[PDB]
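A lone chain, given as structure tokens: the form deposited in one PDB entry.
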């Protein structure tokens, strides 16, 4: 009513492409507890690395790591089919606990983090500086990851749909499509956003008839 225990910085986890996904925002009143559900990046994925982050940067790395833990015994499934519920819990004492629960297996793994963990009152204010100071640089970073993943999806889902079709697809088309996948898979390895969209364009155009069959 006169004071207010708050979070000076955003708390969350590294997600695919080295982006920080925030779970609990900046200047949040403790106690607080938010959850959010995630999944796997490669098919037949058996574990996920929860890597805990503090700070206002979009790149995972430009932020302060607080810890890191795996949840395994993920029963084999298609990618992005598991339900990994990551929960952040801060009590009256300032202590952050972070679980991940496989909603199938029913397994669980928590890390507890002392209120004294992560950046001191000075670094907090630098973090906020370097955030405002690199708003755009990270704006460019975010939309590239989004493109990397938007790309990375399109690749996987096409390779599926090509197996799914088989005989049904003109060899004519399956050549034009198999080349445009190879090119897009290379584009993904670089950092050139344009190029990724360029090969996603090429795929889109030569894939007209593949789409039809899947539908």
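Positions refer to the first chain, counted from 1. Only the largest set of C-alpha atoms that superpose within 1.5 Å between the two forms is called the rigid core. Residues that one form lacks are left out of the comparison.
Keep in mind that the form deposited in another entry is missing from the display, and what follows is about it.
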Does residue 52 shift between this form and the one not shown by 2 angstroms or more at the C-alpha, the core having been superposed? no
Residue 16 C-alpha moves between this form and the one not shown by 2 Å or more, core aligned: no
Could you list, in sequence order, the stretches of three or more consecutive residues moving 2 angstroms or more at Cα between this form and the one not shown on a rigid core superposition? 1-3, 146-191, 194-215
